[PDB]
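Chains as they are written, first to last, in the deposited numbering: chain G, 1 to 176; chain 6, 1 to 426; chain 4, 1 to 38.
We put the CB at the ideal spot given by N, CA and C, even for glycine.
To start, the structure itself, in structure tokens.
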RNA sequence: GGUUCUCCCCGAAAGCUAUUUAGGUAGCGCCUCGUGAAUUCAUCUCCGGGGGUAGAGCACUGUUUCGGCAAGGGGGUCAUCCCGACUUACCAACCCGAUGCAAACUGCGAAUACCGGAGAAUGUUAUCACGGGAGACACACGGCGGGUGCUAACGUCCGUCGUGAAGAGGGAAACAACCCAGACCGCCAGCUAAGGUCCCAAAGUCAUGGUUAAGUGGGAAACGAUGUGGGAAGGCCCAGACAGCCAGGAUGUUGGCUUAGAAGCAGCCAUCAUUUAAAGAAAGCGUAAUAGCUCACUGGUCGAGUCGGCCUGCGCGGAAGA
RNA sequence: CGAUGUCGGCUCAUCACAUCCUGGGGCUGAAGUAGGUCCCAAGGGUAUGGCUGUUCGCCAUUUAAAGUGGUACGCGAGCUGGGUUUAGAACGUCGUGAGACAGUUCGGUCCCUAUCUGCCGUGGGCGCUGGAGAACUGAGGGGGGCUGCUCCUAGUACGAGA
RNA sequence: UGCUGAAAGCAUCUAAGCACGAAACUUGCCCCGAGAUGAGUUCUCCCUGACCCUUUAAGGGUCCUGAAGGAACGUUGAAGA
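What follows is the structure in structure tokens.
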């Protein structure tokens, strides 16, 4: 793994503490600990976390690559937010934040609500799309996927999470 | 599965030379379809003064003359079928106990080897099931004699009821697949057909060249040979002409003389669009006495399925040798019984069908390309890219061929959808 | 999604993966080009 | 159908022929008992033989593919086959070269079997003849050689061997025919064969090296696959190696063919040429040619492996039954 | 062959899933209603009649649906005899005849007191470590498991309309 | 159908992790159910007298006392062969 051959650079504002196989991080965005590793060691002495195979399992290189990507993700999480630009368009499709509960009136007979988990914040400057901020990109990706799985983008409308003027491939069936 | 006797070895084509009643009998279209299927005969022998035998449909001396070739191949050509629930027709079916490859198989083999369309392939394989059914369902006698009739007791049904029921299950599953093919084809017809379709079908003497005609006339040509390819079989496709545009016809394969009627029952997949057609046009030269049984059969079919009140316009056949003169406008009455100057090679001339297709639709002025200085931005070049037809004749001031043509509903929608800022029309 | 026993690369955008124990193709261009079980 | 007490010794056959015969019987082969004979009989070595099986070969009998031009037709003007325009775009009948295929082909030809000699050693003379007494003539599986069948059958019919029949004991869970091995009797004895040593269930949680991660082991084929292990090579390369990417691509590259689209979805002349890292009358694709890559491509900050193919070990999917 | 009773129906069922309906998905020439195909799924449900003995088959009409197979082509010590399984008689055909028919027609005797296994219920003896009276915990086991129509959301989503 | 993600600097639902997902599975609902010999638990009630032979936790016989409770028997039941 040549991504595991590159340690992750840690700035002065991010504090890293290792407790055995458990990695705990500190930042301005928040304290977070999700991942504890199995066959990859971590240490640092020159402000760069190292990722190494322990023995000859022929897999700990790949696990060290995963650990490098995970630590890069949590460093960028504790300095900045991750996922924005969640758009879901439709006729009478509304969304307004209220605490950790968000409503999605998307053409259903019942109104539906999504309970946002701890460590996420959602804002919507306009009715049809919602912008998120989070320190865990796995959690914000699961939340954005759940909000996109409440109403799946059909090909005839052309919805989905798109950035600026980006086009979802639109089917042109039934053109009489 | 559907295994038959082995082929690929030379035999004769058995046909009675002198029936002394219909006569004519040129063999050219018959031998051309033998060529098209590729049925091979290295040496051709003719039976001089051979009247037909109504008793056994074959001669003993003729049979033992071909028997040297039968000792290699193992079959001969014996025609006819039409066996049904009487035991007399059971006797009629068993009457050809001799070594037989049927005319139905020899005719259907070309489309069977090279079947383009799917509905025609399903119908020709169920017709294959019918001609094995003629010798199987009506042919219970030989295994009844051989086996000793064990298994008939119990149910009151006939012998070999399991085999007949299994074949009936075959035709039920194939006809259900046919009905689902018909469902998806009618779904396609709902997508294509807009309230009318101007179709005919025309058959007769062979050697037409329908796909060569298609890629030659549609101004979109395919590299191909003059000999027959897998390009064949009757398909409804668009016809390029000088002036009208969208006409749709079948491209029918060359028709066989004098003994299709169960064969047109097999070919009812092609002939299904014949009945729903309003216009009825066909190309037959009237010098033939052999075609009189087929004329009577066509008239009986017309009396059966009705809709024969519209008179048929004439286009005459066998014009391919003379090419003697140009078309000339001669008017005696409104029926105009005049000759037809059709040529497959040169376009000139098709004037009577041009006159009919032009008299169907007229008023080619309603297109109006607006005269304004060119601007940049939205909604430009859409009317350029929309639709037009015909060819270009030299005119000034921008009266370019680009057309829209819709009925009264978009005649009403013309005043609603467009703001009409030009303020020229009132 | 086909369950054909011979899984092919139907187009250039098709990509094969091994998920759980089975092997399947995923296509980012044409949705009918994906299958299973080969 | 039944056929009644004991011990000891030997020990089959289910084949050939004939049969108003096919489930019976007669003769012979096989069994037992008794006389007689002889380096008689087996085995191994050496010696003398005949073969046409396996395999091969295509000269013959046939079959079969390709390449080498005519005596005459398919015929070429052919009522100019002109004793000269014929003599081709097929067989040049035949013949030559290469490649196959045969139970009823052999210009070749094994291993084995078989017959006959000489020699030792072993074998209760096993071998042969005659005489007394039978049984049997319904066979089965497995290996090998086949006919038939579908190179199906616990199918049928043969040759040969082994087993059961008529042979127990050990193993393969259970099992006549498979493997090991032929039980005179007794022992609370040792070694071993096939098979095995985690518990049932006796004996290695033995040692070394490797493989697989699927419960393979412990049901199954074509085919599909960056599963993984080994091997031998090839292309790129510190004239920066494979990735991903800001940016870059114009005047005959708008001549002809629904011409204010020929040019990217319909093909032929056609890329001579220019600011040839890059000039594209664009194929694979594409939304409404005017978003993008392989595009004949790269100055590139970016830096030690990368990409295909060949063979082989063990795996994965194809894989659904009451 | 020192007897394993032959179809169909009735009564009662049980299993496999190669799934008829209901359930969850993919793809679609899936705009919506409606379809086609493929994957997962056996929990439950899975017609009444006219015709002739029918399995079949035709048809009327219904239902969301009227599944395909195995269970001695399930089930005769559970039932039936409409048909072959007889003996009487007749027609057609064959046979100079007795007779025959993988043809037809009329008629034509179906026993069992349940020992064992198996089930459905129900008790007696003992055990449960002094003997009783009564409540329970729940290891196990069974039962149940279907679905139509109408209305609101809404004539909204979609569709040029219908 | 997915998120994050390397192996395989790109990608990827999976190998490490994680989140959805059906009348199928386990519970949920209703019955039998400690013969559940793995014979269970809780509350209550009742019995606290002697002598011989002893082949010994020993074990048998004699006199007295024989409780809590059960059984028997009659009257029977919308329980029952």
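Asked: From residue 229 (chain 6) to residue 222 (chain 6), what distance separates their C-alpha atoms?; Found: 12 Å
Asked: Using CA coordinates, which residue listed in 192 (chain 6), 137 (chain 6), 254 (chain 6) and 39 (chain 6) is at the minimum distance from residue 270 (chain 6)?; Found: 254 (chain 6)
Asked: Quick one: using the 10 Å Cβ neighbour count with 16 as the cut-off for buried, is residue 233 (chain 6) buried or exposed?; Found: buried
Asked: Which first and last residues belong to the alpha helix (DSSP H) in which residue 212 (chain 6) is found?; Found: 210-217
Asked: Examine the ligand GTP and report whether any of its heavy atoms sits within less than 7 Å of the Cβ of residue 316 (chain 6).; Found: No copy of the ligand GTP occurs in the structure displayed, which carries no ligand at all.
Asked: Residues in the same chain with beta-carbon distance under 7 Å from residue 84 (chain G), minus the five sequence neighbours each way, listed in chain order, please.; Found: 131 and 132
Asked: Is the Cβ-Cβ distance between residue 91 (chain G) and residue 104 (chain G) less than 8 Å?; Found: no
Asked: Taking just the CA atoms, how far does residue 107 (chain G) sit from residue 274 (chain 6)?; Found: 49 Å
Asked: Please list the terminal residues of the continuous alpha helix (DSSP H) segment that includes residue 34 (chain 6).; Found: 28-37
Asked: Secondary structure at residue 277 (chain 6), three-state DSSP: helix, strand or coil?; Found: coil
Asked: Would you call residue 201 (chain 6) buried or exposed, if buried means 16 or more other Cβ atoms sit within 10 Å of its Cβ?; Found: buried
Asked: Do residue 89 (chain G) and residue 5 (chain G) have their beta-carbon atoms positioned less than 8 Å apart in this structure?; Found: no
Asked: Which runs of the beta strand (DSSP E) at least 3 residues long sit entirely within the region 88-129 of chain 6? Give them in chain order.; Found: 100-102
Asked: Thinking C-beta only, is residue 117 (chain 6) closer than 8 Å to residue 235 (chain 6)?; Found: yes
Asked: In this structure, how does DSSP classify residue 84 (chain G) when only helix, strand and coil are distinguished?; Found: coil
Asked: Between the region 364-371 of chain 6 and the region 390-401 of chain 6, do at least 3 Cβ pairs fall closer than 8 Å?; Found: yes
Asked: Give the C-beta separation of residue 88 (chain 6) and residue 40 (chain 6) to the nearest angstrom, bearing in mind that I take them to be a contact with Cβ-Cβ under 8 Å.; Found: Going by Cβ atoms, the distance from residue 88 (chain 6) to residue 40 (chain 6) rounds to 37 Å, so no, they are not a contact pair.
Asked: Would you mind giving the Cβ-Cβ distance between residue 87 (chain G) and residue 161 (chain G), rounded to the nearest angstrom? I have them listed as a contact below 8 Å.; Found: 6 Å
Asked: Work out the CA separation of residue 322 (chain 6) and residue 20 (chain 6) for me, nearest whole Å.; Found: 31 Å
Asked: To the nearest angstrom, how far is it from the Cα of residue 413 (chain 6) to the Cα of residue 419 (chain 6)?; Found: 11 Å
Asked: Which of helix, strand or coil does DSSP assign to residue 142 (chain 6)?; Found: helix
Asked: Quick check: what's the CA-CA separation for residue 365 (chain 6) versus residue 403 (chain 6)?; Found: 9 Å
Asked: Should residue 340 (chain 6) and residue 314 (chain 6) be called a contact, given that it needs their Cβ atoms to be closer than 8 Å?; Found: yes
Asked: Looking at the structure shown, is residue 137 (chain 6) part of a helix, part of a strand, or coil, going by DSSP?; Found: coil
Asked: Just the C-alpha distance for residue 81 (chain 6) and residue 260 (chain 6), rounded to the nearest angstrom, thanks.; Found: 12 Å
Asked: Quick one: give me the first and last residue of the beta strand (DSSP E) that residue 93 (chain G) is part of.; Found: 93-98
Asked: Taking buried to mean at least 16 other C-beta atoms within 10 Å of its own C-beta, is residue 25 (chain G) buried or exposed?; Found: buried
Asked: Do residue 61 (chain 4) and residue 35 (chain 4) have their CB atoms nearer than 8 Å?; Found: Since the first residue of chain 4 shown is 1 and the last is 38, residue 61 (chain 4) is not available in this structure.
Asked: Relative to the C-alpha of residue 130 (chain 6), which residue among 115 (chain 6), 170 (chain 6) and 145 (chain 6) is closest?; Found: 170 (chain 6)
Asked: So, residue 23 (chain G) versus residue 43 (chain G), is the Cβ gap smaller than 8 Å?; Found: no
Asked: Could you tell me if residue 76 (chain 6) is buried or exposed, where buried requires 16 or more neighbouring beta carbons within 10 angstroms of its beta carbon?; Found: buried
Asked: According to DSSP, is residue 227 (chain 6) helix, strand or coil?; Found: coil
Asked: Tell me the rounded alpha-carbon separation between residue 225 (chain 6) and residue 114 (chain 6).; Found: 16 Å
Asked: Using three-state DSSP, classify residue 159 (chain G) as helix, strand or coil.; Found: coil
Asked: Could you have a look at residue 55 (chain G) and say whether DSSP puts it in helix, strand or coil?; Found: coil
Asked: Kindly confirm or deny that the region 23-43 of chain 6 and the region 145-156 of chain G touch, where touching means at least three C-beta pairs closer than 8 Å.; Found: no
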